$ cat data_35.pdb   # PDB, C-alpha atoms
ATOM      1  CA  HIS A   1       0.000   0.000   0.000  1.00  0.00           C
ATOM      2  CA  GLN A   2       2.918   2.403  -0.700  1.00  0.00           C
ATOM      3  CA  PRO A   3       1.534   4.113  -3.871  1.00  0.00           C
ATOM      4  CA  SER A   4      -1.657   5.092  -1.993  1.00  0.00           C
ATOM      5  CA  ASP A   5       0.479   6.839   0.649  1.00  0.00           C
ATOM      6  CA  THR A   6       2.433   8.767  -2.009  1.00  0.00           C
ATOM      7  CA  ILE A   7      -0.765  10.173  -3.510  1.00  0.00           C
ATOM      8  CA  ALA A   8      -2.290  10.998  -0.105  1.00  0.00           C
ATOM      9  CA  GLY A   9       1.004  12.763   0.695  1.00  0.00           C
ATOM     10  CA  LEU A  10       0.856  14.718  -2.590  1.00  0.00           C
ATOM     11  CA  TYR A  11      -2.515  16.321  -1.876  1.00  0.00           C
ATOM     12  CA  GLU A  12      -1.437  17.084   1.727  1.00  0.00           C
ATOM     13  CA  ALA A  13       1.703  18.738   0.330  1.00  0.00           C
ATOM     14  CA  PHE A  14      -0.285  20.821  -2.200  1.00  0.00           C
ATOM     15  CA  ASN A  15      -2.688  21.948   0.582  1.00  0.00           C
ATOM     16  CA  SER A  16       0.229  23.013   2.867  1.00  0.00           C
ATOM     17  CA  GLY A  17       2.282  24.693   0.070  1.00  0.00           C
ATOM     18  CA  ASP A  18       5.112  22.264   0.865  1.00  0.00           C
ATOM     19  CA  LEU A  19       7.456  22.567  -2.148  1.00  0.00           C
ATOM     20  CA  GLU A  20      10.131  20.297  -0.683  1.00  0.00           C
ATOM     21  CA  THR A  21       7.732  17.381  -0.242  1.00  0.00           C
ATOM     22  CA  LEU A  22       6.145  18.021  -3.667  1.00  0.00           C
ATOM     23  CA  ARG A  23       9.570  17.753  -5.315  1.00  0.00           C
ATOM     24  CA  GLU A  24      10.319  14.525  -3.407  1.00  0.00           C
ATOM     25  CA  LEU A  25       6.991  12.920  -4.354  1.00  0.00           C
ATOM     26  CA  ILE A  26       6.966  13.927  -8.051  1.00  0.00           C
ATOM     27  CA  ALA A  27       9.808  12.924 -10.414  1.00  0.00           C
ATOM     28  CA  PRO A  28      11.247  15.932 -12.328  1.00  0.00           C
ATOM     29  CA  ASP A  29      10.560  14.180 -15.646  1.00  0.00           C
ATOM     30  CA  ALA A  30       7.062  12.938 -14.684  1.00  0.00           C
ATOM     31  CA  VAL A  31       4.531  13.044 -17.533  1.00  0.00           C
ATOM     32  CA  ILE A  32       1.653  15.264 -16.354  1.00  0.00           C
ATOM     33  CA  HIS A  33      -1.543  15.300 -18.410  1.00  0.00           C
ATOM     34  CA  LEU A  34      -3.514  18.404 -17.437  1.00  0.00           C
ATOM     35  CA  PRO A  35      -6.960  19.217 -18.841  1.00  0.00           C
ATOM     36  CA  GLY A  36      -7.521  21.597 -21.754  1.00  0.00           C
ATOM     37  CA  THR A  37      -8.479  24.495 -19.443  1.00  0.00           C
ATOM     38  CA  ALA A  38      -4.776  24.548 -18.374  1.00  0.00           C
ATOM     39  CA  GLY A  39      -3.751  24.842 -22.070  1.00  0.00           C
ATOM     40  CA  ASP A  40      -1.947  28.017 -23.133  1.00  0.00           C
ATOM     41  CA  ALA A  41       0.266  29.634 -25.823  1.00  0.00           C
ATOM     42  CA  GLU A  42       3.317  27.325 -25.539  1.00  0.00           C
ATOM     43  CA  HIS A  43       1.383  24.188 -24.440  1.00  0.00           C
ATOM     44  CA  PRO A  44      -1.797  23.485 -26.472  1.00  0.00           C
ATOM     45  CA  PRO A  45      -4.449  21.322 -24.660  1.00  0.00           C
ATOM     46  CA  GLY A  46      -3.280  17.719 -25.451  1.00  0.00           C
ATOM     47  CA  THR A  47       0.376  18.424 -24.595  1.00  0.00           C
ATOM     48  CA  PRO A  48       1.917  16.810 -21.461  1.00  0.00           C
ATOM     49  CA  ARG A  49       3.833  18.895 -18.937  1.00  0.00           C
ATOM     50  CA  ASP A  50       6.701  17.989 -16.620  1.00  0.00           C
ATOM     51  CA  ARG A  51       6.672  18.476 -12.812  1.00  0.00           C
ATOM     52  CA  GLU A  52       7.607  22.139 -12.782  1.00  0.00           C
ATOM     53  CA  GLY A  53       5.037  22.877 -15.505  1.00  0.00           C
ATOM     54  CA  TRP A  54       2.412  21.280 -13.256  1.00  0.00           C
ATOM     55  CA  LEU A  55       3.582  23.157 -10.139  1.00  0.00           C
ATOM     56  CA  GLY A  56       3.498  26.375 -12.258  1.00  0.00           C
ATOM     57  CA  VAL A  57      -0.180  25.810 -13.156  1.00  0.00           C
ATOM     58  CA  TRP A  58      -0.926  24.992  -9.518  1.00  0.00           C
ATOM     59  CA  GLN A  59       0.693  28.259  -8.320  1.00  0.00           C
ATOM     60  CA  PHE A  60      -1.276  30.319 -10.853  1.00  0.00           C
ATOM     61  CA  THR A  61      -4.558  28.746  -9.728  1.00  0.00           C
ATOM     62  CA  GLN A  62      -3.610  29.302  -6.064  1.00  0.00           C
ATOM     63  CA  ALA A  63      -3.182  33.058  -6.679  1.00  0.00           C
ATOM     64  CA  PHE A  64      -6.881  33.288  -7.672  1.00  0.00           C
ATOM     65  CA  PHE A  65      -8.217  30.875  -5.006  1.00  0.00           C
ATOM     66  CA  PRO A  66      -5.789  31.209  -2.069  1.00  0.00           C
ATOM     67  CA  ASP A  67      -7.863  29.047   0.340  1.00  0.00           C
ATOM     68  CA  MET A  68      -8.591  26.189  -2.103  1.00  0.00           C
ATOM     69  CA  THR A  69      -7.800  22.769  -0.662  1.00  0.00           C
ATOM     70  CA  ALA A  70      -8.226  19.197  -1.909  1.00  0.00           C
ATOM     71  CA  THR A  71      -9.516  16.352   0.249  1.00  0.00           C
ATOM     72  CA  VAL A  72      -9.272  12.696  -0.853  1.00  0.00           C
ATOM     73  CA  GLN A  73     -12.759  11.084  -0.838  1.00  0.00           C
ATOM     74  CA  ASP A  74     -11.955   7.741  -2.526  1.00  0.00           C
ATOM     75  CA  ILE A  75      -8.741   5.976  -3.465  1.00  0.00           C
ATOM     76  CA  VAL A  76      -8.224   2.746  -5.415  1.00  0.00           C
ATOM     77  CA  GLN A  77      -4.927   0.975  -6.033  1.00  0.00           C
ATOM     78  CA  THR A  78      -3.849  -1.890  -8.312  1.00  0.00           C
ATOM     79  CA  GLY A  79      -0.092  -2.310  -8.656  1.00  0.00           C
ATOM     80  CA  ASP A  80       1.667   0.943  -9.485  1.00  0.00           C
ATOM     81  CA  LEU A  81      -1.582   2.748 -10.477  1.00  0.00           C
ATOM     82  CA  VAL A  82      -3.627   4.850  -8.028  1.00  0.00           C
ATOM     83  CA  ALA A  83      -6.896   6.554  -8.909  1.00  0.00           C
ATOM     84  CA  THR A  84      -8.436   9.153  -6.589  1.00  0.00           C
ATOM     85  CA  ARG A  85     -11.596  11.168  -6.281  1.00  0.00           C
ATOM     86  CA  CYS A  86     -11.011  14.454  -4.465  1.00  0.00           C
ATOM     87  CA  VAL A  87     -13.196  17.400  -3.548  1.00  0.00           C
ATOM     88  CA  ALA A  88     -11.655  20.836  -4.000  1.00  0.00           C
ATOM     89  CA  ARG A  89     -13.156  23.254  -1.443  1.00  0.00           C
ATOM     90  CA  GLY A  90     -12.700  27.009  -1.216  1.00  0.00           C
ATOM     91  CA  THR A  91     -14.384  30.395  -1.170  1.00  0.00           C
ATOM     92  CA  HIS A  92     -14.428  33.074  -3.843  1.00  0.00           C
ATOM     93  CA  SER A  93     -15.062  36.469  -2.213  1.00  0.00           C
ATOM     94  CA  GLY A  94     -16.776  34.793   0.776  1.00  0.00           C
ATOM     95  CA  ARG A  95     -18.981  32.439  -1.321  1.00  0.00           C
ATOM     96  CA  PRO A  96     -18.122  28.727  -0.808  1.00  0.00           C
ATOM     97  CA  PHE A  97     -17.637  26.097  -3.566  1.00  0.00           C
ATOM     98  CA  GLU A  98     -17.203  22.283  -3.821  1.00  0.00           C
ATOM     99  CA  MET A  99     -15.749  20.781  -7.027  1.00  0.00           C
ATOM    100  CA  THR A 100     -15.041  17.164  -7.864  1.00  0.00           C
ATOM    101  CA  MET A 101     -11.592  16.183  -9.152  1.00  0.00           C
ATOM    102  CA  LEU A 102     -10.660  12.824 -10.634  1.00  0.00           C
ATOM    103  CA  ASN A 103      -7.034  11.779 -10.865  1.00  0.00           C
ATOM    104  CA  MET A 104      -5.007   8.789 -12.016  1.00  0.00           C
ATOM    105  CA  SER A 105      -1.379   8.445 -11.094  1.00  0.00           C
ATOM    106  CA  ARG A 106       1.451   5.997 -11.774  1.00  0.00           C
ATOM    107  CA  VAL A 107       3.905   5.705  -8.894  1.00  0.00           C
ATOM    108  CA  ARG A 108       7.402   4.122  -9.122  1.00  0.00           C
ATOM    109  CA  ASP A 109       9.917   3.996  -6.211  1.00  0.00           C
ATOM    110  CA  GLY A 110       7.606   6.250  -4.170  1.00  0.00           C
ATOM    111  CA  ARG A 111       7.459   9.002  -6.817  1.00  0.00           C
ATOM    112  CA  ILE A 112       4.784  10.072  -9.291  1.00  0.00           C
ATOM    113  CA  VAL A 113       6.028   9.384 -12.836  1.00  0.00           C
ATOM    114  CA  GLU A 114       2.719   9.867 -14.671  1.00  0.00           C
ATOM    115  CA  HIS A 115      -0.476  11.735 -13.723  1.00  0.00           C
ATOM    116  CA  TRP A 116      -3.832  12.521 -15.336  1.00  0.00           C
ATOM    117  CA  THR A 117      -6.277  14.961 -13.699  1.00  0.00           C
ATOM    118  CA  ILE A 118      -9.575  16.628 -14.632  1.00  0.00           C
ATOM    119  CA  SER A 119     -11.706  18.999 -12.553  1.00  0.00           C
ATOM    120  CA  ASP A 120     -15.407  19.793 -12.736  1.00  0.00           C
ATOM    121  CA  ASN A 121     -14.915  23.527 -13.526  1.00  0.00           C
ATOM    122  CA  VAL A 122     -18.453  24.120 -14.870  1.00  0.00           C
ATOM    123  CA  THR A 123     -20.053  22.907 -11.594  1.00  0.00           C
ATOM    124  CA  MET A 124     -17.751  25.282  -9.647  1.00  0.00           C
ATOM    125  CA  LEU A 125     -18.595  28.235 -11.897  1.00  0.00           C
ATOM    126  CA  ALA A 126     -22.333  27.517 -11.431  1.00  0.00           C
ATOM    127  CA  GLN A 127     -21.983  27.756  -7.612  1.00  0.00           C
ATOM    128  CA  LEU A 128     -20.169  31.144  -7.852  1.00  0.00           C
ATOM    129  CA  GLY A 129     -21.193  33.064 -11.011  1.00  0.00           C
TER
ATOM    130  CA  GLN B   1     -15.951  -9.146 -11.103  1.00  0.00           C
ATOM    131  CA  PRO B   2     -16.372  -5.320 -10.800  1.00  0.00           C
ATOM    132  CA  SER B   3     -13.638  -4.805 -13.443  1.00  0.00           C
ATOM    133  CA  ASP B   4     -15.655  -6.962 -15.878  1.00  0.00           C
ATOM    134  CA  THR B   5     -18.856  -4.970 -15.232  1.00  0.00           C
ATOM    135  CA  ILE B   6     -17.130  -1.695 -16.108  1.00  0.00           C
ATOM    136  CA  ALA B   7     -15.394  -3.116 -19.183  1.00  0.00           C
ATOM    137  CA  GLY B   8     -18.840  -4.398 -20.258  1.00  0.00           C
ATOM    138  CA  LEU B   9     -20.373  -0.929 -19.707  1.00  0.00           C
ATOM    139  CA  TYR B  10     -18.029   0.838 -22.121  1.00  0.00           C
ATOM    140  CA  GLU B  11     -18.447  -2.000 -24.682  1.00  0.00           C
ATOM    141  CA  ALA B  12     -22.224  -1.530 -24.366  1.00  0.00           C
ATOM    142  CA  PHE B  13     -21.990   2.280 -24.787  1.00  0.00           C
ATOM    143  CA  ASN B  14     -19.783   1.808 -27.897  1.00  0.00           C
ATOM    144  CA  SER B  15     -22.241  -0.662 -29.497  1.00  0.00           C
ATOM    145  CA  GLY B  16     -25.378   1.361 -28.590  1.00  0.00           C
ATOM    146  CA  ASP B  17     -26.652  -1.618 -26.594  1.00  0.00           C
ATOM    147  CA  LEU B  18     -29.443  -0.218 -24.383  1.00  0.00           C
ATOM    148  CA  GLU B  19     -30.496  -3.646 -23.077  1.00  0.00           C
ATOM    149  CA  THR B  20     -27.029  -4.425 -21.716  1.00  0.00           C
ATOM    150  CA  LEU B  21     -26.700  -0.872 -20.318  1.00  0.00           C
ATOM    151  CA  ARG B  22     -29.944  -1.375 -18.348  1.00  0.00           C
ATOM    152  CA  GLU B  23     -28.680  -4.732 -17.030  1.00  0.00           C
ATOM    153  CA  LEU B  24     -25.309  -3.296 -15.943  1.00  0.00           C
ATOM    154  CA  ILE B  25     -26.628  -0.064 -14.346  1.00  0.00           C
ATOM    155  CA  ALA B  26     -29.126  -0.139 -11.468  1.00  0.00           C
ATOM    156  CA  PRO B  27     -32.214   2.060 -12.144  1.00  0.00           C
ATOM    157  CA  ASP B  28     -31.589   3.944  -8.870  1.00  0.00           C
ATOM    158  CA  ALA B  29     -27.824   4.337  -9.399  1.00  0.00           C
ATOM    159  CA  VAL B  30     -26.429   7.695  -8.247  1.00  0.00           C
ATOM    160  CA  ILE B  31     -24.760   9.234 -11.327  1.00  0.00           C
ATOM    161  CA  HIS B  32     -22.558  12.293 -10.769  1.00  0.00           C
ATOM    162  CA  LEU B  33     -22.153  13.967 -14.136  1.00  0.00           C
ATOM    163  CA  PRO B  34     -20.042  17.083 -14.687  1.00  0.00           C
ATOM    164  CA  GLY B  35     -21.500  20.609 -14.878  1.00  0.00           C
ATOM    165  CA  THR B  36     -21.293  20.529 -18.710  1.00  0.00           C
ATOM    166  CA  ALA B  37     -24.153  17.949 -18.583  1.00  0.00           C
ATOM    167  CA  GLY B  38     -26.185  20.394 -16.447  1.00  0.00           C
ATOM    168  CA  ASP B  39     -29.410  21.804 -17.786  1.00  0.00           C
ATOM    169  CA  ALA B  40     -32.283  24.222 -17.053  1.00  0.00           C
ATOM    170  CA  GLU B  41     -34.155  21.427 -15.201  1.00  0.00           C
ATOM    171  CA  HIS B  42     -31.046  19.684 -13.713  1.00  0.00           C
ATOM    172  CA  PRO B  43     -28.577  22.240 -12.247  1.00  0.00           C
ATOM    173  CA  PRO B  44     -24.789  21.486 -12.177  1.00  0.00           C
ATOM    174  CA  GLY B  45     -23.745  19.192  -9.307  1.00  0.00           C
ATOM    175  CA  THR B  46     -27.216  17.563  -9.075  1.00  0.00           C
ATOM    176  CA  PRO B  47     -26.895  13.723  -9.304  1.00  0.00           C
ATOM    177  CA  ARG B  48     -28.921  11.870 -11.917  1.00  0.00           C
ATOM    178  CA  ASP B  49     -30.421   8.375 -11.956  1.00  0.00           C
ATOM    179  CA  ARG B  50     -29.697   5.811 -14.723  1.00  0.00           C
ATOM    180  CA  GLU B  51     -32.260   7.035 -17.224  1.00  0.00           C
ATOM    181  CA  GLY B  52     -31.078  10.624 -16.724  1.00  0.00           C
ATOM    182  CA  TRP B  53     -27.554   9.448 -17.545  1.00  0.00           C
ATOM    183  CA  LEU B  54     -28.671   7.410 -20.575  1.00  0.00           C
ATOM    184  CA  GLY B  55     -30.630  10.496 -21.774  1.00  0.00           C
ATOM    185  CA  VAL B  56     -27.476  12.652 -21.699  1.00  0.00           C
ATOM    186  CA  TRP B  57     -25.474   9.869 -23.324  1.00  0.00           C
ATOM    187  CA  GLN B  58     -28.017   9.519 -26.186  1.00  0.00           C
ATOM    188  CA  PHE B  59     -27.635  13.238 -27.000  1.00  0.00           C
ATOM    189  CA  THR B  60     -23.842  12.872 -26.954  1.00  0.00           C
ATOM    190  CA  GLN B  61     -24.067   9.783 -29.230  1.00  0.00           C
ATOM    191  CA  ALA B  62     -26.256  11.637 -31.769  1.00  0.00           C
ATOM    192  CA  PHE B  63     -23.809  14.576 -31.709  1.00  0.00           C
ATOM    193  CA  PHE B  64     -20.628  12.482 -32.219  1.00  0.00           C
ATOM    194  CA  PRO B  65     -21.903   9.359 -34.012  1.00  0.00           C
ATOM    195  CA  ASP B  66     -18.430   7.808 -34.623  1.00  0.00           C
ATOM    196  CA  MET B  67     -17.024   8.454 -31.131  1.00  0.00           C
ATOM    197  CA  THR B  68     -15.903   5.438 -29.169  1.00  0.00           C
ATOM    198  CA  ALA B  69     -14.541   5.198 -25.634  1.00  0.00           C
ATOM    199  CA  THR B  70     -11.716   2.751 -24.944  1.00  0.00           C
ATOM    200  CA  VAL B  71     -10.580   1.744 -21.454  1.00  0.00           C
ATOM    201  CA  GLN B  72      -6.811   2.379 -21.186  1.00  0.00           C
ATOM    202  CA  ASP B  73      -6.251   1.796 -17.458  1.00  0.00           C
ATOM    203  CA  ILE B  74      -8.469   0.190 -14.854  1.00  0.00           C
ATOM    204  CA  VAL B  75      -7.899  -0.070 -11.099  1.00  0.00           C
ATOM    205  CA  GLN B  76     -10.003  -2.019  -8.612  1.00  0.00           C
ATOM    206  CA  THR B  77     -10.144  -2.226  -4.805  1.00  0.00           C
ATOM    207  CA  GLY B  78     -13.225  -3.933  -3.370  1.00  0.00           C
ATOM    208  CA  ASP B  79     -16.433  -2.599  -4.902  1.00  0.00           C
ATOM    209  CA  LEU B  80     -14.753   0.519  -6.421  1.00  0.00           C
ATOM    210  CA  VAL B  81     -13.404   0.607  -9.992  1.00  0.00           C
ATOM    211  CA  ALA B  82     -11.694   3.637 -11.536  1.00  0.00           C
ATOM    212  CA  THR B  83     -10.939   3.895 -15.264  1.00  0.00           C
ATOM    213  CA  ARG B  84      -9.048   6.140 -17.627  1.00  0.00           C
ATOM    214  CA  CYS B  85     -10.604   6.118 -21.077  1.00  0.00           C
ATOM    215  CA  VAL B  86      -9.799   7.775 -24.359  1.00  0.00           C
ATOM    216  CA  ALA B  87     -12.727   8.979 -26.452  1.00  0.00           C
ATOM    217  CA  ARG B  88     -11.721   8.818 -30.141  1.00  0.00           C
ATOM    218  CA  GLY B  89     -13.511   9.879 -33.304  1.00  0.00           C
ATOM    219  CA  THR B  90     -13.417  11.889 -36.528  1.00  0.00           C
ATOM    220  CA  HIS B  91     -16.056  14.605 -36.551  1.00  0.00           C
ATOM    221  CA  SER B  92     -16.716  16.196 -39.955  1.00  0.00           C
ATOM    222  CA  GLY B  93     -13.261  15.030 -41.146  1.00  0.00           C
ATOM    223  CA  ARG B  94     -11.331  16.265 -38.053  1.00  0.00           C
ATOM    224  CA  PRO B  95      -9.814  13.575 -35.738  1.00  0.00           C
ATOM    225  CA  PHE B  96      -9.992  13.930 -31.917  1.00  0.00           C
ATOM    226  CA  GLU B  97      -8.663  12.188 -28.761  1.00  0.00           C
ATOM    227  CA  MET B  98     -10.039  13.204 -25.352  1.00  0.00           C
ATOM    228  CA  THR B  99      -9.274  11.801 -21.933  1.00  0.00           C
ATOM    229  CA  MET B 100     -12.102  10.672 -19.635  1.00  0.00           C
ATOM    230  CA  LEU B 101     -11.772   9.699 -15.992  1.00  0.00           C
ATOM    231  CA  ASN B 102     -14.445   7.635 -14.280  1.00  0.00           C
ATOM    232  CA  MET B 103     -15.066   6.035 -10.921  1.00  0.00           C
ATOM    233  CA  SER B 104     -17.767   3.507 -10.307  1.00  0.00           C
ATOM    234  CA  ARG B 105     -19.155   1.558  -7.348  1.00  0.00           C
ATOM    235  CA  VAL B 106     -20.370  -1.900  -8.352  1.00  0.00           C
ATOM    236  CA  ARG B 107     -22.685  -4.081  -6.212  1.00  0.00           C
ATOM    237  CA  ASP B 108     -24.044  -7.505  -7.316  1.00  0.00           C
ATOM    238  CA  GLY B 109     -22.644  -6.921 -10.815  1.00  0.00           C
ATOM    239  CA  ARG B 110     -24.433  -3.570 -11.309  1.00  0.00           C
ATOM    240  CA  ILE B 111     -23.268   0.046 -11.204  1.00  0.00           C
ATOM    241  CA  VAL B 112     -24.857   1.742  -8.175  1.00  0.00           C
ATOM    242  CA  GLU B 113     -22.732   4.913  -8.150  1.00  0.00           C
ATOM    243  CA  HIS B 114     -20.678   6.620 -10.883  1.00  0.00           C
ATOM    244  CA  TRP B 115     -18.562   9.777 -11.226  1.00  0.00           C
ATOM    245  CA  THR B 116     -17.274  10.898 -14.653  1.00  0.00           C
ATOM    246  CA  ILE B 117     -15.489  13.949 -16.086  1.00  0.00           C
ATOM    247  CA  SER B 118     -14.275  14.451 -19.664  1.00  0.00           C
ATOM    248  CA  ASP B 119     -11.661  16.807 -21.091  1.00  0.00           C
ATOM    249  CA  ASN B 120     -14.156  18.692 -23.311  1.00  0.00           C
ATOM    250  CA  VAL B 121     -11.954  21.784 -23.833  1.00  0.00           C
ATOM    251  CA  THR B 122      -9.118  19.661 -25.316  1.00  0.00           C
ATOM    252  CA  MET B 123     -11.651  18.023 -27.691  1.00  0.00           C
ATOM    253  CA  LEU B 124     -13.094  21.372 -28.771  1.00  0.00           C
ATOM    254  CA  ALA B 125      -9.549  22.666 -29.474  1.00  0.00           C
ATOM    255  CA  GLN B 126      -8.875  19.727 -31.858  1.00  0.00           C
ATOM    256  CA  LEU B 127     -12.114  20.445 -33.812  1.00  0.00           C
ATOM    257  CA  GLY B 128     -12.100  24.260 -33.397  1.00  0.00           C
TER
END
$ encode --input "data_35.pdb" --output "structure tokens"
Amino acid sequence: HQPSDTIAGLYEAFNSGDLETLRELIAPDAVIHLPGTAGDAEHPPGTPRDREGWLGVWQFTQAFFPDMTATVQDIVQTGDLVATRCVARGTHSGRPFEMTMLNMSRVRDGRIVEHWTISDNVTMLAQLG
Amino acid sequence: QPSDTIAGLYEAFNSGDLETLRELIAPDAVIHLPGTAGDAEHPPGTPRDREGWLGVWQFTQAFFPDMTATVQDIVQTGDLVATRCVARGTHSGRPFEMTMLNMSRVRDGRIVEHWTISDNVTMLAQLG
């Protein structure tokens, strides 16, 4: 049950802003598949990022939603693959939101080497405006 | 096994097999669809039942008639199965590949709870 612990540790580390732990738990050359909403001028929607590309997108999103946190609701493991359902909770200008996130991660030697994630952005927008 | 149920579900969606879909999904299943599947009558974040889900899926089938969903990775622990799928098709001569992530609870060989989200923005970018 080591891969499960890695992924639980990842979301803890994102919530705390713990860069050191993030960089231990994610390989520098990990293949990170972010959703099309994270697409931009240099990286069109289908294009994988590396670790620091992912942490860059995370930091941008944190600037807009400084109190956003992720809590793991379900976790399943088979071999080196871990899938998770999380709920991202925050407020925008004092109005609370709850958004589902689904993730799939490959873990090797206690580090993330591949990750897919998608968030329910439309449901979150509906709750705010 | 729960893995077999979920593999059978995506086969049945690909073939348009309503009878098998209704065998594999309980009528009272709790289906958490993304906000994109929200509607005037069903606001975003409201769960649907089976027939609500099959209603949304039938619209999506009619809109992308050559789209298929293929299970790429599947993980199982107890009654929970998560899957990563790729939805592939050519729509009006433009090819597309979009990731889908799903999580299902299976009980007595039927889906009783399901969460799904698709990478719609990536798909739209590939078509326009």
$ atom_distance --input "data_35.pdb" --atom1 "atom CA of residue B:127" --atom2 "atom CA of residue B:63"
13.3 Å
$ closest_residue --input "data_35.pdb" --among "A:43, A:78, A:34, A:6" --to "residue B:83" --atoms "only C-alpha atoms"
A:78
$ closest_atom_pairs --input "data_35.pdb" --of "chain B" --to "chain A" --cutoff "7 Å" --atoms "only C-alpha atoms" --output "JSON lines"
{"residue": "B:34", "atom": "CA", "partner": "A:120", "partner_atom": "CA", "distance": 5.7}
{"residue": "B:35", "atom": "CA", "partner": "A:123", "partner_atom": "CA", "distance": 4.3}
{"residue": "B:36", "atom": "CA", "partner": "A:122", "partner_atom": "CA", "distance": 6.0}
{"residue": "B:44", "atom": "CA", "partner": "A:123", "partner_atom": "CA", "distance": 5.0}
{"residue": "B:45", "atom": "CA", "partner": "A:123", "partner_atom": "CA", "distance": 5.7}
{"residue": "B:75", "atom": "CA", "partner": "A:78", "partner_atom": "CA", "distance": 5.2}
{"residue": "B:76", "atom": "CA", "partner": "A:76", "partner_atom": "CA", "distance": 6.0}
{"residue": "B:77", "atom": "CA", "partner": "A:76", "partner_atom": "CA", "distance": 5.4}
{"residue": "B:80", "atom": "CA", "partner": "A:76", "partner_atom": "CA", "distance": 7.0}
{"residue": "B:82", "atom": "CA", "partner": "A:83", "partner_atom": "CA", "distance": 6.2}
{"residue": "B:101", "atom": "CA", "partner": "A:102", "partner_atom": "CA", "distance": 6.3}
{"residue": "B:117", "atom": "CA", "partner": "A:118", "partner_atom": "CA", "distance": 6.7}
{"residue": "B:119", "atom": "CA", "partner": "A:35", "partner_atom": "CA", "distance": 5.7}
{"residue": "B:121", "atom": "CA", "partner": "A:36", "partner_atom": "CA", "distance": 4.9}
{"residue": "B:122", "atom": "CA", "partner": "A:36", "partner_atom": "CA", "distance": 4.4}
$ resolve_selection --input "data_35.pdb" --expression "the PyMOL selection byres ((chain B and resi 84) around 7)" --output "ChimeraX atom specification"
/B:71-74,83,85-86,100-102
$ resolve_selection --input "data_35.pdb" --expression "the PyMOL selection byres ((chain B and resi 104-115) around 7)" --output "list in words"
residues 2, 5, 24, 25, 26, 29, 30, 31, 32, 33, 79, 80, 81, 82, 102, 103 and 116 of chain B
$ residues_around --input "data_35.pdb" --residues "stretch 93-96 of chain B" --least-positions-apart "5" --cutoff "7 Å" --atoms "all atoms listed in the file" --output "PyMOL selection string"
chain B and resi 88+123+126-127
$ resolve_selection --input "data_35.pdb" --expression "the PyMOL selection byres ((chain A and resi 96) around 12)" --output "JSON, numbers by chain"
{"A": [65, 67, 68, 69, 88, 89, 90, 91, 92, 93, 94, 95, 97, 98, 99, 124, 125, 126, 127, 128, 129]}
$ atom_distance --input "data_35.pdb" --atom1 "atom CA of residue A:11" --atom2 "atom CA of residue A:60"
16.7 Å
$ residues_around --input "data_35.pdb" --residues "residue B:90" --least-positions-apart "6" --cutoff "10 Å" --atoms "only C-alpha atoms" --output "list in words"
residues 64, 65, 66, 67, 96, 97 and 127 of chain B
$ decode --input "data_35.pdb" --residues "stretch 63-72 of chain B" --atoms "N, CA, C and O atoms" --output "mmCIF file, in the first residue's frame"
data_model
loop_
_atom_site.group_PDB
_atom_site.id
_atom_site.type_symbol
_atom_site.label_atom_id
_atom_site.label_comp_id
_atom_site.auth_asym_id
_atom_site.auth_seq_id
_atom_site.Cartn_x
_atom_site.Cartn_y
_atom_site.Cartn_z
ATOM 1 N N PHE B 63 -24.695 13.475 -31.373
ATOM 2 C CA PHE B 63 -23.809 14.576 -31.709
ATOM 3 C C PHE B 63 -22.445 14.150 -32.251
ATOM 4 O O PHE B 63 -21.907 14.841 -33.105
ATOM 5 N N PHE B 64 -21.894 13.047 -31.733
ATOM 6 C CA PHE B 64 -20.628 12.482 -32.219
ATOM 7 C C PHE B 64 -20.860 11.015 -32.574
ATOM 8 O O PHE B 64 -20.472 10.129 -31.822
ATOM 9 N N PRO B 65 -21.495 10.743 -33.723
ATOM 10 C CA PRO B 65 -21.903 9.359 -34.012
ATOM 11 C C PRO B 65 -20.771 8.333 -34.184
ATOM 12 O O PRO B 65 -21.041 7.131 -33.995
ATOM 13 N N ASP B 66 -19.547 8.775 -34.515
ATOM 14 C CA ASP B 66 -18.430 7.808 -34.623
ATOM 15 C C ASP B 66 -17.482 7.747 -33.403
ATOM 16 O O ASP B 66 -16.461 7.055 -33.441
ATOM 17 N N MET B 67 -17.845 8.443 -32.328
ATOM 18 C CA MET B 67 -17.024 8.454 -31.131
ATOM 19 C C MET B 67 -17.125 7.108 -30.471
ATOM 20 O O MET B 67 -18.223 6.553 -30.307
ATOM 21 N N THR B 68 -15.969 6.593 -30.061
ATOM 22 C CA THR B 68 -15.903 5.438 -29.169
ATOM 23 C C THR B 68 -15.028 5.749 -27.969
ATOM 24 O O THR B 68 -14.139 6.599 -28.044
ATOM 25 N N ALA B 69 -15.313 5.064 -26.870
ATOM 26 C CA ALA B 69 -14.541 5.198 -25.634
ATOM 27 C C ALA B 69 -13.833 3.879 -25.363
ATOM 28 O O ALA B 69 -14.464 2.818 -25.360
ATOM 29 N N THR B 70 -12.527 3.939 -25.158
ATOM 30 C CA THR B 70 -11.716 2.751 -24.944
ATOM 31 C C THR B 70 -11.062 2.837 -23.574
ATOM 32 O O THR B 70 -10.428 3.835 -23.265
ATOM 33 N N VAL B 71 -11.188 1.787 -22.774
ATOM 34 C CA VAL B 71 -10.580 1.744 -21.454
ATOM 35 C C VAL B 71 -9.079 1.494 -21.595
ATOM 36 O O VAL B 71 -8.676 0.478 -22.135
ATOM 37 N N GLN B 72 -8.269 2.436 -21.100
ATOM 38 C CA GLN B 72 -6.811 2.379 -21.186
ATOM 39 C C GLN B 72 -6.164 1.853 -19.925
ATOM 40 O O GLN B 72 -5.130 1.171 -19.983
#
